[PDB]
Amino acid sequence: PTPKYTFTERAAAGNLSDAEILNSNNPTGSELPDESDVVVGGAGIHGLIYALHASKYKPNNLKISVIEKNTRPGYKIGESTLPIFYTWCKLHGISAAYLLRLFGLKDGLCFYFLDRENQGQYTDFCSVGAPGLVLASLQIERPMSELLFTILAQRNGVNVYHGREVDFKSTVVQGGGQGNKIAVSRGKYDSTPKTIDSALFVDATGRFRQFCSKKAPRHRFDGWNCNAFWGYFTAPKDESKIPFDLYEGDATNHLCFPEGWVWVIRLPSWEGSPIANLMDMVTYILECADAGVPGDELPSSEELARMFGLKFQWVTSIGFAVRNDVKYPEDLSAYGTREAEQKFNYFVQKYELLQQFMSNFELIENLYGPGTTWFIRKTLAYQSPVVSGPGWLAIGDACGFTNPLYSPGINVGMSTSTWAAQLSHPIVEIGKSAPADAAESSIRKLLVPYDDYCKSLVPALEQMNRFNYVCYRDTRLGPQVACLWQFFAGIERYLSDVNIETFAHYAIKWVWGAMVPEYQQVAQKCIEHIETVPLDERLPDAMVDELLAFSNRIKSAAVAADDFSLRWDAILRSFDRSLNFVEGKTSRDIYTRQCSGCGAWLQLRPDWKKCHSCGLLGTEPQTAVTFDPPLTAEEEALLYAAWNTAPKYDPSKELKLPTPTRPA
């Protein structure tokens, strides 16, 4: 495809604002419709996942308008995504060769556990992702992901309006047919608001809970909560001076310690680029995806920046997520002038490994505009007690949220977004096909499982978060209990069978494995023990011994009961095939390499000879995926064949679950 500069030129010819050039790409028009079937409040990632999945699940059935207050896709924390997310993107027609032009490659979840009382001592837990010919995971800049999904939505019959705000004071939401009158303005100052007559309202306003807060107070869990403070840093090409052995920048790296943990996410940033130019680059990428342009014939990230007049740079997202029962010194003025900066730099110098780590990175000033050098957010975890009612439902963060750890926010949260999307078709048709009272009762009954799923989802994720946190207080419990159990319970078994039709059903059965009985059994034993030890104390060695022996005993039976075949010793560096811990083991599969030219991490596959980020040609390490233990040529071919194309929908086949097989 020849690149087109439609939006860049349209913006220039009409002198269009950011919101006007975006809204000009809508199928219905740049102005709001008088009427819609569904109105979505918020074009965060979940508002857009919802609209995309509803449209893809059953096209040409629902008119959908998404309303977003930001004038262009805005900054969001929440950058790490998981195989179920990539699978969703691929099912929606965008595979890795195209996504990697926009987003950073992710390979593995890797953990380093710092001993607090023995400074400098650490252990690790290392995992890999998948071969390039199997799948990829992604580190996403959220202004870019929300732009991508906005453009994809507009190309699939969804209208998205930026720079427009739902007025939750004058909006009317009720049962009936199209009983909703959604008031939409440009802000508080706007005396000429519009009304969209509609049947269903979707609260996708995230943690702001702008609608469902009206129906129930925000719920907090017992015990400590967490705070986060973070910033953005350079991304070094030469990672060899990082103080952790066998470190790789394309993992989501976790630096873990008694008070909490640090995330480290390497990703490209398009900040500084005009929005119209970005629309043209994204549109070009989608045209290339439609045409099936091979990876080596697709322009690299840096070439796209030159073609469309963009800014491109590599950054590292680095943040603390720590318990809110941590005691700080009263005066932290020596570490900065802002609270977020003060606590970040204070915590770094509390651990020599964190200070040695951070000394590989240079702070970026105001990457996302003025005041964005440092971020802080306090009291992270919450739940919405009510997530649906006559005329409305809620998705994503608007239902609740726990913690950045293991990235449930996007990857588990999309279970609500995609299930709500599927349910939206019968919800709207019920209201169009039955009188008001029966329609409302039928819709309420239909959403009882959605309500019940959401009600139990956040507490299970909250227990999952506490399980990992308490084990991060010890360098043996962290990797050998918490990490092990999250990987065994939560690995996405039979993901290669998922399609658009089964996606929501599969996703709601995943829950990162946090509903698995043996997982909850081990989690409750550790939490019950460790929460009795004050945070400023070291865990007694006998407590660690006992919890480790308990976890391993439950593990061996649960692993023996699982019928899913998996080269566990290839995926986890520290474990054998039967998921037993091996003290000195270093063997694992190798799926990625760093470009010697630009430092970007690349997937190894024989048809990708050139770096997807800068275009530099590599010399024969692409077929050099290392399988350890080895695979035959036939076994390797069989692996890639299973992940080529998702199977067609078969209404007779029963869904195979991601969780371990139950015992007899």
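Quick note: we count residues from 1 along the sequence shown, nothing fancier.
Novice: Can you tell me whether 354 to 362 has a higher mean C-alpha B factor than 170 to 178 in this record, or the other way round?
Specialist: The stretch with the larger average C-alpha B-factor is 170 to 178.
Novice: What stretch has the higher average Cα B-factor here, 180 to 188 or 418 to 426?
Specialist: Comparing 180 to 188 with 418 to 426, the higher average CA B-factor belongs to 180 to 188.
Novice: Out of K90, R164, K509, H219, which shows the largest CA B-factor listed in the entry?
Specialist: Spelled out: the listed residue with the top C-alpha B-factor is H219.
Novice: Which of these, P143, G336, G391, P83, has its C-alpha atom at the highest B-factor, as the entry lists it?
Specialist: Highest C-alpha B-factor among the listed residues goes to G336.
Novice: With respect to C-alpha B-factor, does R538 fall in the lowest, middle or highest third of the chain as deposited?
Specialist: Within its chain, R538 is a highest-third residue by C-alpha B-factor, going by the deposited values.
Novice: Relative to the other modelled residues of the same chain, rank the CA B-factor of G413 and answer lowest, middle or highest third.
Specialist: Its C-alpha B-factor, which the entry lists for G413, ranks in the lowest third among residues of this chain.
Novice: Would you mind checking where the Cα B-factor of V38 ranks among the modelled residues of its chain, as the lowest, middle or highest third?
Specialist: For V38, whose C-alpha B-factor we compare with every modelled residue in the chain, the answer is the lowest third.
Novice: Tell me, lowest, middle or highest third: where does the Cα B factor of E302 rank within its chain?
Specialist: Middle third - that is where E302 ends up once the chain's C-alpha B-factors are sorted.
Novice: Is the Cα B-factor recorded for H53 in the lowest, middle or highest third of its chain?
Specialist: CA B-factor rank for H53: lowest third.
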